[PDB]
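Below is the file protein19.cif, which contains mmCIF, N, CA and C atoms and all ligand atoms.
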```cif
data_upload
#
loop_
_atom_site.label_atom_id
_atom_site.label_comp_id
_atom_site.auth_asym_id
_atom_site.auth_seq_id
_atom_site.Cartn_x
_atom_site.Cartn_y
_atom_site.Cartn_z
N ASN A 316 43.85 379.84 -66.23
CA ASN A 316 43.93 380.46 -64.88
C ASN A 316 44.12 379.37 -63.81
N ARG A 317 45.13 378.56 -63.95
CA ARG A 317 45.37 377.49 -62.94
C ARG A 317 46.84 377.46 -62.54
N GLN A 318 47.11 377.30 -61.27
CA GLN A 318 48.53 377.23 -60.81
C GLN A 318 48.69 376.12 -59.77
N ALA A 319 49.76 375.38 -59.82
CA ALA A 319 49.99 374.36 -58.77
C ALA A 319 50.28 375.04 -57.43
N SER A 320 49.65 374.60 -56.39
CA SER A 320 49.99 375.16 -55.05
C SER A 320 50.72 374.10 -54.20
N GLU A 321 50.30 372.87 -54.27
CA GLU A 321 50.94 371.82 -53.42
C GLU A 321 51.00 370.49 -54.16
N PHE A 322 52.01 369.70 -53.89
CA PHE A 322 52.06 368.33 -54.47
C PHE A 322 52.03 367.28 -53.35
N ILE A 323 51.39 366.17 -53.59
CA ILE A 323 51.37 365.09 -52.56
C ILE A 323 51.80 363.75 -53.18
N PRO A 324 52.66 363.06 -52.49
CA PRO A 324 53.22 361.79 -53.01
C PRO A 324 52.13 360.75 -53.21
N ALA A 325 52.39 359.79 -54.06
CA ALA A 325 51.47 358.62 -54.17
C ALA A 325 51.72 357.67 -53.00
N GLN A 326 51.21 356.47 -53.09
CA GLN A 326 51.38 355.51 -51.96
C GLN A 326 52.87 355.19 -51.75
N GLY A 327 53.47 355.73 -50.71
CA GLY A 327 54.88 355.37 -50.39
C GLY A 327 55.85 356.31 -51.11
N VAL A 328 55.38 357.45 -51.55
CA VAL A 328 56.27 358.37 -52.33
C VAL A 328 56.68 359.57 -51.48
N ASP A 329 57.82 360.15 -51.76
CA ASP A 329 58.25 361.37 -51.02
C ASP A 329 57.70 362.63 -51.71
N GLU A 330 57.33 363.62 -50.95
CA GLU A 330 56.68 364.82 -51.55
C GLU A 330 57.66 365.57 -52.45
N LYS A 331 58.90 365.65 -52.06
CA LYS A 331 59.91 366.29 -52.94
C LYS A 331 59.98 365.55 -54.27
N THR A 332 59.88 364.25 -54.24
CA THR A 332 59.91 363.47 -55.51
C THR A 332 58.77 363.90 -56.43
N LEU A 333 57.57 364.00 -55.92
CA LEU A 333 56.43 364.38 -56.79
C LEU A 333 56.63 365.78 -57.38
N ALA A 334 57.04 366.72 -56.57
CA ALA A 334 57.23 368.10 -57.08
C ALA A 334 58.31 368.11 -58.17
N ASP A 335 59.33 367.34 -58.00
CA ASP A 335 60.44 367.34 -59.00
C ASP A 335 59.97 366.80 -60.35
N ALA A 336 59.27 365.70 -60.35
CA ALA A 336 58.80 365.12 -61.64
C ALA A 336 57.81 366.06 -62.32
N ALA A 337 56.99 366.73 -61.57
CA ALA A 337 56.02 367.68 -62.20
C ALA A 337 56.78 368.83 -62.87
N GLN A 338 57.88 369.24 -62.30
CA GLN A 338 58.65 370.37 -62.89
C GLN A 338 59.29 369.97 -64.23
N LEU A 339 60.01 368.89 -64.27
CA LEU A 339 60.69 368.53 -65.56
C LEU A 339 59.66 368.07 -66.60
N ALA A 340 58.65 367.36 -66.18
CA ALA A 340 57.60 366.92 -67.14
C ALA A 340 56.79 368.13 -67.63
N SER A 341 56.95 369.26 -66.99
CA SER A 341 56.22 370.48 -67.45
C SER A 341 57.13 371.33 -68.34
N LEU A 342 58.41 371.09 -68.31
CA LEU A 342 59.34 371.85 -69.19
C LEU A 342 58.96 371.65 -70.66
N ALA A 343 58.36 370.53 -70.97
CA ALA A 343 58.01 370.23 -72.39
C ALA A 343 56.64 370.82 -72.76
N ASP A 344 55.82 371.10 -71.79
CA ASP A 344 54.48 371.68 -72.11
C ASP A 344 54.61 373.18 -72.37
N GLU A 345 53.94 373.68 -73.36
CA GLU A 345 54.03 375.14 -73.68
C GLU A 345 52.88 375.90 -73.03
N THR A 346 52.09 375.24 -72.23
CA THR A 346 50.96 375.92 -71.55
C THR A 346 51.47 376.75 -70.37
N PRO A 347 50.84 377.86 -70.14
CA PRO A 347 51.23 378.75 -69.02
C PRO A 347 51.11 378.00 -67.69
N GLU A 348 50.14 377.12 -67.58
CA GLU A 348 49.98 376.35 -66.31
C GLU A 348 51.20 375.46 -66.08
N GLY A 349 51.75 374.90 -67.12
CA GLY A 349 52.97 374.06 -66.96
C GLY A 349 54.09 374.90 -66.35
N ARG A 350 54.06 376.19 -66.57
CA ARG A 350 55.02 377.08 -65.86
C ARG A 350 54.58 377.26 -64.42
N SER A 351 53.30 377.32 -64.19
CA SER A 351 52.81 377.46 -62.79
C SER A 351 53.38 376.32 -61.93
N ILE A 352 53.36 375.12 -62.44
CA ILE A 352 53.94 373.97 -61.68
C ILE A 352 55.46 374.11 -61.55
N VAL A 353 56.15 374.41 -62.63
CA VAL A 353 57.64 374.57 -62.53
C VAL A 353 57.98 375.63 -61.47
N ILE A 354 57.12 376.59 -61.29
CA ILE A 354 57.28 377.53 -60.14
C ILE A 354 57.03 376.81 -58.82
N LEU A 355 55.97 376.05 -58.74
CA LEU A 355 55.61 375.43 -57.43
C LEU A 355 56.85 374.79 -56.79
N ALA A 356 57.53 373.95 -57.51
CA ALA A 356 58.77 373.34 -56.94
C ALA A 356 59.83 374.42 -56.74
N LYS A 357 59.90 375.37 -57.62
CA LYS A 357 60.94 376.42 -57.48
C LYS A 357 60.89 377.06 -56.09
N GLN A 358 59.76 377.58 -55.70
CA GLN A 358 59.68 378.22 -54.35
C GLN A 358 59.85 377.16 -53.26
N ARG A 359 59.25 376.01 -53.43
CA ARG A 359 59.32 374.96 -52.38
C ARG A 359 60.74 374.38 -52.26
N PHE A 360 61.41 374.16 -53.36
CA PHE A 360 62.76 373.52 -53.27
C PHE A 360 63.84 374.49 -53.76
N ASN A 361 63.43 375.53 -54.43
CA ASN A 361 64.43 376.50 -54.96
C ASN A 361 65.37 375.81 -55.94
N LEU A 362 64.81 375.10 -56.87
CA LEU A 362 65.64 374.35 -57.86
C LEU A 362 65.46 374.96 -59.26
N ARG A 363 66.15 374.45 -60.24
CA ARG A 363 65.99 375.00 -61.62
C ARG A 363 65.46 373.94 -62.58
N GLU A 364 64.85 374.37 -63.65
CA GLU A 364 64.37 373.41 -64.67
C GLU A 364 65.52 372.52 -65.13
N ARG A 365 65.24 371.31 -65.53
CA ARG A 365 66.34 370.42 -66.01
C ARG A 365 66.43 370.49 -67.53
N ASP A 366 67.62 370.61 -68.06
CA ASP A 366 67.77 370.69 -69.54
C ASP A 366 67.66 369.31 -70.15
N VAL A 367 66.72 369.14 -71.01
CA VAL A 367 66.50 367.81 -71.65
C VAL A 367 67.62 367.51 -72.66
N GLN A 368 67.97 368.47 -73.47
CA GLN A 368 69.00 368.22 -74.53
C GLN A 368 70.41 368.15 -73.93
N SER A 369 70.59 368.68 -72.75
CA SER A 369 71.88 368.45 -72.04
C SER A 369 71.93 367.01 -71.54
N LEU A 370 70.79 366.45 -71.25
CA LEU A 370 70.74 365.00 -70.92
C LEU A 370 70.51 364.18 -72.19
N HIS A 371 70.49 364.84 -73.33
CA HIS A 371 70.10 364.12 -74.58
C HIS A 371 68.72 363.51 -74.38
N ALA A 372 67.94 364.12 -73.54
CA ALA A 372 66.56 363.62 -73.28
C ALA A 372 65.57 364.22 -74.28
N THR A 373 64.31 364.11 -74.01
CA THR A 373 63.27 364.61 -74.95
C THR A 373 62.14 365.30 -74.18
N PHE A 374 61.59 366.35 -74.72
CA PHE A 374 60.37 366.96 -74.11
C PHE A 374 59.12 366.28 -74.67
N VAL A 375 58.10 366.11 -73.87
CA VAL A 375 56.81 365.58 -74.41
C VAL A 375 55.75 366.68 -74.39
N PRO A 376 55.35 367.10 -75.57
CA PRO A 376 54.40 368.23 -75.70
C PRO A 376 53.12 367.97 -74.89
N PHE A 377 52.49 369.02 -74.44
CA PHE A 377 51.21 368.88 -73.68
C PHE A 377 50.02 369.10 -74.61
N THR A 378 49.15 368.13 -74.71
CA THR A 378 47.93 368.32 -75.55
C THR A 378 46.69 368.39 -74.65
N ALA A 379 45.77 369.26 -74.98
CA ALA A 379 44.56 369.41 -74.12
C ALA A 379 43.59 368.25 -74.34
N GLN A 380 43.58 367.68 -75.52
CA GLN A 380 42.60 366.59 -75.80
C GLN A 380 42.79 365.45 -74.81
N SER A 381 44.02 365.05 -74.57
CA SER A 381 44.28 364.03 -73.52
C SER A 381 44.55 364.73 -72.19
N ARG A 382 44.87 365.99 -72.22
CA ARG A 382 45.21 366.72 -70.97
C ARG A 382 46.48 366.12 -70.36
N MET A 383 47.53 366.03 -71.12
CA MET A 383 48.76 365.37 -70.59
C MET A 383 50.02 365.97 -71.21
N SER A 384 51.05 366.04 -70.42
CA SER A 384 52.39 366.43 -70.94
C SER A 384 53.44 365.66 -70.15
N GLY A 385 54.66 365.65 -70.57
CA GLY A 385 55.67 364.85 -69.83
C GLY A 385 57.06 365.08 -70.39
N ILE A 386 57.97 364.24 -70.03
CA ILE A 386 59.35 364.36 -70.52
C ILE A 386 59.99 362.98 -70.56
N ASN A 387 60.89 362.77 -71.46
CA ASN A 387 61.60 361.46 -71.50
C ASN A 387 63.09 361.71 -71.34
N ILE A 388 63.80 360.85 -70.68
CA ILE A 388 65.27 361.05 -70.59
C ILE A 388 65.98 359.70 -70.60
N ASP A 389 67.26 359.72 -70.83
CA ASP A 389 68.01 358.44 -71.03
C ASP A 389 68.01 357.52 -69.79
N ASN A 390 67.26 357.83 -68.76
CA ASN A 390 67.17 356.88 -67.61
C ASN A 390 65.78 356.91 -66.97
N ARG A 391 64.85 357.66 -67.50
CA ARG A 391 63.53 357.81 -66.82
C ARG A 391 62.44 358.23 -67.81
N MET A 392 61.21 358.01 -67.46
CA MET A 392 60.10 358.63 -68.23
C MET A 392 59.14 359.33 -67.26
N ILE A 393 58.62 360.48 -67.60
CA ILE A 393 57.67 361.16 -66.68
C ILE A 393 56.42 361.60 -67.44
N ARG A 394 55.27 361.44 -66.84
CA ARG A 394 54.02 361.94 -67.49
C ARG A 394 53.09 362.57 -66.45
N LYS A 395 52.42 363.63 -66.80
CA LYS A 395 51.45 364.27 -65.87
C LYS A 395 50.24 364.77 -66.66
N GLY A 396 49.07 364.69 -66.09
CA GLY A 396 47.86 365.16 -66.84
C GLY A 396 46.61 364.93 -66.00
N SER A 397 45.48 364.79 -66.64
CA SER A 397 44.21 364.62 -65.88
C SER A 397 44.16 363.25 -65.21
N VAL A 398 43.37 363.10 -64.19
CA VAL A 398 43.32 361.80 -63.47
C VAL A 398 42.89 360.69 -64.42
N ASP A 399 41.85 360.91 -65.17
CA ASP A 399 41.49 359.93 -66.23
C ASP A 399 42.64 359.83 -67.22
N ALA A 400 43.27 360.93 -67.51
CA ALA A 400 44.41 360.92 -68.46
C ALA A 400 45.54 360.01 -67.93
N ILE A 401 45.94 360.18 -66.70
CA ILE A 401 47.06 359.35 -66.17
C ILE A 401 46.64 357.88 -66.05
N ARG A 402 45.43 357.61 -65.66
CA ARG A 402 44.98 356.19 -65.56
C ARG A 402 45.11 355.50 -66.92
N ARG A 403 44.75 356.17 -67.98
CA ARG A 403 44.89 355.56 -69.33
C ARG A 403 46.37 355.37 -69.70
N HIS A 404 47.21 356.30 -69.33
CA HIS A 404 48.66 356.13 -69.62
C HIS A 404 49.23 354.93 -68.85
N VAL A 405 48.83 354.75 -67.63
CA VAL A 405 49.32 353.57 -66.86
C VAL A 405 48.83 352.27 -67.49
N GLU A 406 47.58 352.20 -67.85
CA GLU A 406 47.05 350.93 -68.43
C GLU A 406 47.76 350.60 -69.75
N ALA A 407 48.11 351.59 -70.52
CA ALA A 407 48.80 351.31 -71.81
C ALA A 407 50.18 350.72 -71.54
N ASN A 408 50.88 351.26 -70.58
CA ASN A 408 52.15 350.65 -70.14
C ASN A 408 51.85 349.31 -69.47
N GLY A 409 50.68 349.17 -68.93
CA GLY A 409 50.33 347.94 -68.18
C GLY A 409 50.54 348.19 -66.69
N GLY A 410 50.48 349.42 -66.27
CA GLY A 410 50.65 349.74 -64.82
C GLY A 410 49.28 349.78 -64.14
N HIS A 411 49.23 350.23 -62.92
CA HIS A 411 47.91 350.34 -62.22
C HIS A 411 47.85 351.62 -61.40
N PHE A 412 46.69 352.18 -61.24
CA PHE A 412 46.56 353.43 -60.43
C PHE A 412 46.22 353.08 -58.97
N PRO A 413 47.18 353.29 -58.11
CA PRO A 413 47.03 352.93 -56.68
C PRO A 413 45.85 353.68 -56.05
N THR A 414 45.11 353.03 -55.19
CA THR A 414 43.96 353.70 -54.53
C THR A 414 44.43 354.93 -53.75
N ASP A 415 45.51 354.82 -53.03
CA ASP A 415 45.97 355.98 -52.22
C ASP A 415 46.12 357.21 -53.11
N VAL A 416 46.63 357.04 -54.30
CA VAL A 416 46.79 358.21 -55.22
C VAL A 416 45.43 358.71 -55.70
N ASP A 417 44.53 357.81 -56.00
CA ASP A 417 43.15 358.24 -56.37
C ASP A 417 42.50 359.00 -55.21
N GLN A 418 42.74 358.56 -54.01
CA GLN A 418 42.20 359.29 -52.83
C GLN A 418 42.84 360.68 -52.71
N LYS A 419 44.12 360.79 -52.93
CA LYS A 419 44.76 362.14 -52.84
C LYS A 419 44.20 363.08 -53.91
N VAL A 420 43.96 362.58 -55.09
CA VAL A 420 43.40 363.44 -56.18
C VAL A 420 41.99 363.89 -55.84
N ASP A 421 41.22 363.01 -55.27
CA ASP A 421 39.81 363.35 -54.91
C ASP A 421 39.78 364.38 -53.78
N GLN A 422 40.60 364.20 -52.78
CA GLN A 422 40.66 365.19 -51.67
C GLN A 422 41.21 366.51 -52.19
N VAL A 423 42.07 366.46 -53.17
CA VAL A 423 42.50 367.71 -53.84
C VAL A 423 41.29 368.40 -54.47
N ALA A 424 40.42 367.63 -55.08
CA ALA A 424 39.22 368.23 -55.73
C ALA A 424 38.21 368.69 -54.67
N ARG A 425 37.83 367.81 -53.78
CA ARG A 425 36.80 368.19 -52.77
C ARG A 425 37.25 369.44 -52.01
N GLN A 426 38.52 369.73 -52.04
CA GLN A 426 39.03 370.94 -51.33
C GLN A 426 39.04 372.15 -52.26
N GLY A 427 38.53 372.00 -53.45
CA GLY A 427 38.42 373.17 -54.37
C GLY A 427 39.69 373.29 -55.22
N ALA A 428 40.55 372.31 -55.16
CA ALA A 428 41.78 372.34 -56.00
C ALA A 428 41.61 371.41 -57.20
N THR A 429 42.30 371.67 -58.27
CA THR A 429 42.28 370.72 -59.42
C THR A 429 43.44 369.74 -59.29
N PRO A 430 43.11 368.52 -58.99
CA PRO A 430 44.14 367.49 -58.79
C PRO A 430 44.66 367.00 -60.13
N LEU A 431 45.90 367.30 -60.43
CA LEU A 431 46.56 366.60 -61.55
C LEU A 431 47.25 365.36 -61.00
N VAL A 432 47.56 364.41 -61.83
CA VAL A 432 48.30 363.22 -61.32
C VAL A 432 49.59 363.02 -62.11
N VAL A 433 50.66 362.70 -61.42
CA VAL A 433 51.97 362.51 -62.10
C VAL A 433 52.45 361.07 -61.89
N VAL A 434 52.95 360.45 -62.92
CA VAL A 434 53.51 359.09 -62.75
C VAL A 434 54.90 358.99 -63.38
N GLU A 435 55.69 358.08 -62.89
CA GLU A 435 57.00 357.81 -63.54
C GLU A 435 56.88 356.57 -64.41
N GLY A 436 57.16 356.69 -65.67
CA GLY A 436 56.89 355.54 -66.57
C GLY A 436 55.40 355.17 -66.47
N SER A 437 55.10 354.05 -65.88
CA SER A 437 53.67 353.62 -65.79
C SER A 437 53.19 353.60 -64.33
N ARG A 438 53.92 354.19 -63.42
CA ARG A 438 53.49 354.15 -61.99
C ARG A 438 53.34 355.57 -61.44
N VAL A 439 52.33 355.80 -60.65
CA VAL A 439 52.07 357.18 -60.15
C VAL A 439 53.00 357.53 -58.98
N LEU A 440 53.69 358.63 -59.08
CA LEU A 440 54.58 359.04 -57.95
C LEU A 440 53.82 359.94 -56.97
N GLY A 441 52.85 360.69 -57.44
CA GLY A 441 52.08 361.55 -56.50
C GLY A 441 51.01 362.35 -57.24
N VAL A 442 50.28 363.18 -56.53
CA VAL A 442 49.20 363.99 -57.16
C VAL A 442 49.45 365.48 -56.90
N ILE A 443 48.90 366.35 -57.71
CA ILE A 443 49.16 367.81 -57.53
C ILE A 443 47.86 368.58 -57.34
N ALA A 444 47.78 369.37 -56.31
CA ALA A 444 46.55 370.19 -56.08
C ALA A 444 46.79 371.62 -56.56
N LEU A 445 46.01 372.08 -57.50
CA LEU A 445 46.25 373.45 -58.05
C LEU A 445 45.19 374.43 -57.52
N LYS A 446 45.59 375.64 -57.26
CA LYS A 446 44.59 376.70 -56.95
C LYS A 446 44.06 377.30 -58.25
N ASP A 447 42.82 377.68 -58.28
CA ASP A 447 42.27 378.34 -59.50
C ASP A 447 42.32 379.86 -59.33
N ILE A 448 43.09 380.53 -60.15
CA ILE A 448 43.15 382.01 -60.06
C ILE A 448 41.75 382.60 -60.22
N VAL A 449 41.01 382.11 -61.18
CA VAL A 449 39.62 382.61 -61.37
C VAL A 449 38.62 381.64 -60.72
N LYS A 450 37.67 382.16 -59.99
CA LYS A 450 36.66 381.27 -59.35
C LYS A 450 35.45 381.09 -60.27
N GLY A 451 35.00 379.88 -60.44
CA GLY A 451 33.83 379.64 -61.32
C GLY A 451 32.60 380.36 -60.76
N1 LIG B 1 51.59 371.48 -67.45
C1 LIG B 1 50.62 370.57 -67.55
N2 LIG B 1 50.94 369.28 -67.90
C2 LIG B 1 50.01 368.29 -68.01
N3 LIG B 1 48.70 368.61 -67.78
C3 LIG B 1 48.31 369.89 -67.41
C4 LIG B 1 49.27 370.92 -67.30
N4 LIG B 1 48.62 372.03 -66.95
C5 LIG B 1 47.33 371.72 -66.85
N5 LIG B 1 47.13 370.42 -67.11
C6 LIG B 1 45.79 369.73 -67.07
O1 LIG B 1 45.20 369.89 -68.39
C7 LIG B 1 43.87 370.42 -68.13
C8 LIG B 1 43.57 371.48 -69.19
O2 LIG B 1 43.24 370.83 -70.44
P1 LIG B 1 41.72 370.66 -70.96
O3 LIG B 1 41.62 369.42 -71.78
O4 LIG B 1 41.28 371.91 -71.62
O5 LIG B 1 40.89 370.46 -69.59
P2 LIG B 1 39.53 371.27 -69.26
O6 LIG B 1 38.36 370.78 -70.07
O7 LIG B 1 39.70 372.76 -69.37
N6 LIG B 1 39.26 370.91 -67.71
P3 LIG B 1 38.10 369.83 -67.44
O8 LIG B 1 36.80 370.43 -67.91
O9 LIG B 1 38.07 369.55 -65.96
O10 LIG B 1 38.43 368.58 -68.22
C9 LIG B 1 43.96 371.23 -66.85
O11 LIG B 1 42.70 371.36 -66.21
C10 LIG B 1 44.90 370.39 -66.02
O12 LIG B 1 44.20 369.41 -65.27
#
```

Using structure tokens, write down the structure from this file.
Ligand SMILES: Nc1ncnc2c1ncn2[C@@H]1O[C@H](COP(=O)(O)OP(=O)(O)NP(=O)(O)O)[C@@H](O)[C@H]1O
Amino acid sequence: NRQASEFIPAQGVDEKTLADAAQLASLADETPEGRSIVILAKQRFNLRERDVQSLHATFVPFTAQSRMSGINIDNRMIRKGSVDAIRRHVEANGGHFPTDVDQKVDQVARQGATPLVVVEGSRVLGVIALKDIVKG
């Protein structure tokens, strides 16, 4: 019962950029929430999912244990998942989680939203605040 409502760029990132990466990196996840995000950009930008096999790219399945899904393509890599999840993905690449992005994820949470974090390759492009359909 979770849907993306808004995306916010990381330090120095454009908001359209964050929404776009969350959409294609969610095409590979089979979770209903990954569709919730692909909608978020749809209404905001009115765009369509990107075909991975038309780019000869690859989908990255979403697993709950790491809480992460993404997509790979012949010129880019995208990953999105839990804040702890994305921090571990950046460190494995050898990237770093910018404070500004950690602050956006926390304000997403303190506001009652579930902040997901999205990065390109090993760097965070922005964070996503989701509304919870069901209230705890
Ligand atoms: N399309 C998606 N791609 C990548 N991650 C997602 C996607 N949709 C949801 N997520 C994250 O994956 C989490 C769900 O996986 P899960 O491991 O069951 O977490 P959870 O235990 O239910 N939540 P929490 O208790 O806060 O860790 C969601 O809460 C989101 O933060």

Worksheet item: Please, which residues have at least one atom within 8 Å of an atom of ligand LIG 1 (chain B), using only C-alpha atoms and all ligand atoms, listed as a PyMOL selection string?
Response: chain A and resi 317+337+340-342+344-352+377-385+394-398+429-431

For the selection just defined, write its residues with N, CA and C atoms to a file, as a PDB file, keeping the file's coordinate frame.
```
ATOM      1  N   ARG A 317      45.130 378.560 -63.950  1.00  0.00           N
ATOM      2  CA  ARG A 317      45.370 377.490 -62.940  1.00  0.00           C
ATOM      3  C   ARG A 317      46.840 377.460 -62.540  1.00  0.00           C
ATOM      4  N   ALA A 337      56.990 366.730 -61.570  1.00  0.00           N
ATOM      5  CA  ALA A 337      56.020 367.680 -62.200  1.00  0.00           C
ATOM      6  C   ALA A 337      56.780 368.830 -62.870  1.00  0.00           C
ATOM      7  N   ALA A 340      58.650 367.360 -66.180  1.00  0.00           N
ATOM      8  CA  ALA A 340      57.600 366.920 -67.140  1.00  0.00           C
ATOM      9  C   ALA A 340      56.790 368.130 -67.630  1.00  0.00           C
ATOM     10  N   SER A 341      56.950 369.260 -66.990  1.00  0.00           N
ATOM     11  CA  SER A 341      56.220 370.480 -67.450  1.00  0.00           C
ATOM     12  C   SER A 341      57.130 371.330 -68.340  1.00  0.00           C
ATOM     13  N   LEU A 342      58.410 371.090 -68.310  1.00  0.00           N
ATOM     14  CA  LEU A 342      59.340 371.850 -69.190  1.00  0.00           C
ATOM     15  C   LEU A 342      58.960 371.650 -70.660  1.00  0.00           C
ATOM     16  N   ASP A 344      55.820 371.100 -71.790  1.00  0.00           N
ATOM     17  CA  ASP A 344      54.480 371.680 -72.110  1.00  0.00           C
ATOM     18  C   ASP A 344      54.610 373.180 -72.370  1.00  0.00           C
ATOM     19  N   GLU A 345      53.940 373.680 -73.360  1.00  0.00           N
ATOM     20  CA  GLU A 345      54.030 375.140 -73.680  1.00  0.00           C
ATOM     21  C   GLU A 345      52.880 375.900 -73.030  1.00  0.00           C
ATOM     22  N   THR A 346      52.090 375.240 -72.230  1.00  0.00           N
ATOM     23  CA  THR A 346      50.960 375.920 -71.550  1.00  0.00           C
ATOM     24  C   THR A 346      51.470 376.750 -70.370  1.00  0.00           C
ATOM     25  N   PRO A 347      50.840 377.860 -70.140  1.00  0.00           N
ATOM     26  CA  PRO A 347      51.230 378.750 -69.020  1.00  0.00           C
ATOM     27  C   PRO A 347      51.110 378.000 -67.690  1.00  0.00           C
ATOM     28  N   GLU A 348      50.140 377.120 -67.580  1.00  0.00           N
ATOM     29  CA  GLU A 348      49.980 376.350 -66.310  1.00  0.00           C
ATOM     30  C   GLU A 348      51.200 375.460 -66.080  1.00  0.00           C
ATOM     31  N   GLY A 349      51.750 374.900 -67.120  1.00  0.00           N
ATOM     32  CA  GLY A 349      52.970 374.060 -66.960  1.00  0.00           C
ATOM     33  C   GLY A 349      54.090 374.900 -66.350  1.00  0.00           C
ATOM     34  N   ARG A 350      54.060 376.190 -66.570  1.00  0.00           N
ATOM     35  CA  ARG A 350      55.020 377.080 -65.860  1.00  0.00           C
ATOM     36  C   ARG A 350      54.580 377.260 -64.420  1.00  0.00           C
ATOM     37  N   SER A 351      53.300 377.320 -64.190  1.00  0.00           N
ATOM     38  CA  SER A 351      52.810 377.460 -62.790  1.00  0.00           C
ATOM     39  C   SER A 351      53.380 376.320 -61.930  1.00  0.00           C
ATOM     40  N   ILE A 352      53.360 375.120 -62.440  1.00  0.00           N
ATOM     41  CA  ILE A 352      53.940 373.970 -61.680  1.00  0.00           C
ATOM     42  C   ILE A 352      55.460 374.110 -61.550  1.00  0.00           C
ATOM     43  N   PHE A 377      52.490 369.020 -74.440  1.00  0.00           N
ATOM     44  CA  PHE A 377      51.210 368.880 -73.680  1.00  0.00           C
ATOM     45  C   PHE A 377      50.020 369.100 -74.610  1.00  0.00           C
ATOM     46  N   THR A 378      49.150 368.130 -74.710  1.00  0.00           N
ATOM     47  CA  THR A 378      47.930 368.320 -75.550  1.00  0.00           C
ATOM     48  C   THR A 378      46.690 368.390 -74.650  1.00  0.00           C
ATOM     49  N   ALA A 379      45.770 369.260 -74.980  1.00  0.00           N
ATOM     50  CA  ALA A 379      44.560 369.410 -74.120  1.00  0.00           C
ATOM     51  C   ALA A 379      43.590 368.250 -74.340  1.00  0.00           C
ATOM     52  N   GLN A 380      43.580 367.680 -75.520  1.00  0.00           N
ATOM     53  CA  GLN A 380      42.600 366.590 -75.800  1.00  0.00           C
ATOM     54  C   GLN A 380      42.790 365.450 -74.810  1.00  0.00           C
ATOM     55  N   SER A 381      44.020 365.050 -74.570  1.00  0.00           N
ATOM     56  CA  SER A 381      44.280 364.030 -73.520  1.00  0.00           C
ATOM     57  C   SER A 381      44.550 364.730 -72.190  1.00  0.00           C
ATOM     58  N   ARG A 382      44.870 365.990 -72.220  1.00  0.00           N
ATOM     59  CA  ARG A 382      45.210 366.720 -70.970  1.00  0.00           C
ATOM     60  C   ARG A 382      46.480 366.120 -70.360  1.00  0.00           C
ATOM     61  N   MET A 383      47.530 366.030 -71.120  1.00  0.00           N
ATOM     62  CA  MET A 383      48.760 365.370 -70.590  1.00  0.00           C
ATOM     63  C   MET A 383      50.020 365.970 -71.210  1.00  0.00           C
ATOM     64  N   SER A 384      51.050 366.040 -70.420  1.00  0.00           N
ATOM     65  CA  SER A 384      52.390 366.430 -70.940  1.00  0.00           C
ATOM     66  C   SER A 384      53.440 365.660 -70.150  1.00  0.00           C
ATOM     67  N   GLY A 385      54.660 365.650 -70.570  1.00  0.00           N
ATOM     68  CA  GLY A 385      55.670 364.850 -69.830  1.00  0.00           C
ATOM     69  C   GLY A 385      57.060 365.080 -70.390  1.00  0.00           C
ATOM     70  N   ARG A 394      55.270 361.440 -66.840  1.00  0.00           N
ATOM     71  CA  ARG A 394      54.020 361.940 -67.490  1.00  0.00           C
ATOM     72  C   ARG A 394      53.090 362.570 -66.450  1.00  0.00           C
ATOM     73  N   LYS A 395      52.420 363.630 -66.800  1.00  0.00           N
ATOM     74  CA  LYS A 395      51.450 364.270 -65.870  1.00  0.00           C
ATOM     75  C   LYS A 395      50.240 364.770 -66.660  1.00  0.00           C
ATOM     76  N   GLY A 396      49.070 364.690 -66.090  1.00  0.00           N
ATOM     77  CA  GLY A 396      47.860 365.160 -66.840  1.00  0.00           C
ATOM     78  C   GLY A 396      46.610 364.930 -66.000  1.00  0.00           C
ATOM     79  N   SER A 397      45.480 364.790 -66.640  1.00  0.00           N
ATOM     80  CA  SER A 397      44.210 364.620 -65.880  1.00  0.00           C
ATOM     81  C   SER A 397      44.160 363.250 -65.210  1.00  0.00           C
ATOM     82  N   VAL A 398      43.370 363.100 -64.190  1.00  0.00           N
ATOM     83  CA  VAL A 398      43.320 361.800 -63.470  1.00  0.00           C
ATOM     84  C   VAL A 398      42.890 360.690 -64.420  1.00  0.00           C
ATOM     85  N   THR A 429      42.300 371.670 -58.270  1.00  0.00           N
ATOM     86  CA  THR A 429      42.280 370.720 -59.420  1.00  0.00           C
ATOM     87  C   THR A 429      43.440 369.740 -59.290  1.00  0.00           C
ATOM     88  N   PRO A 430      43.110 368.520 -58.990  1.00  0.00           N
ATOM     89  CA  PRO A 430      44.140 367.490 -58.790  1.00  0.00           C
ATOM     90  C   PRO A 430      44.660 367.000 -60.130  1.00  0.00           C
ATOM     91  N   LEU A 431      45.900 367.300 -60.430  1.00  0.00           N
ATOM     92  CA  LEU A 431      46.560 366.600 -61.550  1.00  0.00           C
ATOM     93  C   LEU A 431      47.250 365.360 -61.000  1.00  0.00           C
TER      94      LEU A 431
END
```

Worksheet item: If you count all atoms listed in the file, which residues fall within 8 Å of residue 390 in chain A, apart from same-chain ones fewer than 2 positions away, as a PyMOL selection string?
Response: chain A and resi 370+372+387-388+392

Fill in: Neighbour list for residue 355 in chain A as a PyMOL selection string, cut-off 8 Å, all atoms listed in the file, skip fewer than 6 positions in-chain
chain A and resi 318-322+334-335+338+349+361-362

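Using only C-alpha atoms, the smallest distance between any of A:402, A:331, A:446, A:411 and residue 359 in chain A comes from A:331.
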
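The space between CA of residue 354 in chain A and CA of residue 442 in chain A spans 16.0 Å.
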
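One distance worth recording is that between atom N of residue 326 in chain A and atom C of residue 412 in chain A, which is 8.4 Å.
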
Item to complete: Find the residues around residue 439 in chain A up to 10 Å (only C-alpha atoms counted), leave out those fewer than 5 positions away in its own chain, and share them as a list in words.
Response: residues 324, 325, 326, 328, 333, 393, 394, 395, 401, 402, 405, 410, 411, 412, 413, 416, 417, 432, 433 and 434 of chain A

Worksheet entry | Interatomic distance (Å, one decimal) between atom C of residue 450 in chain A and atom C of residue 421 in chain A | 18.4 Å
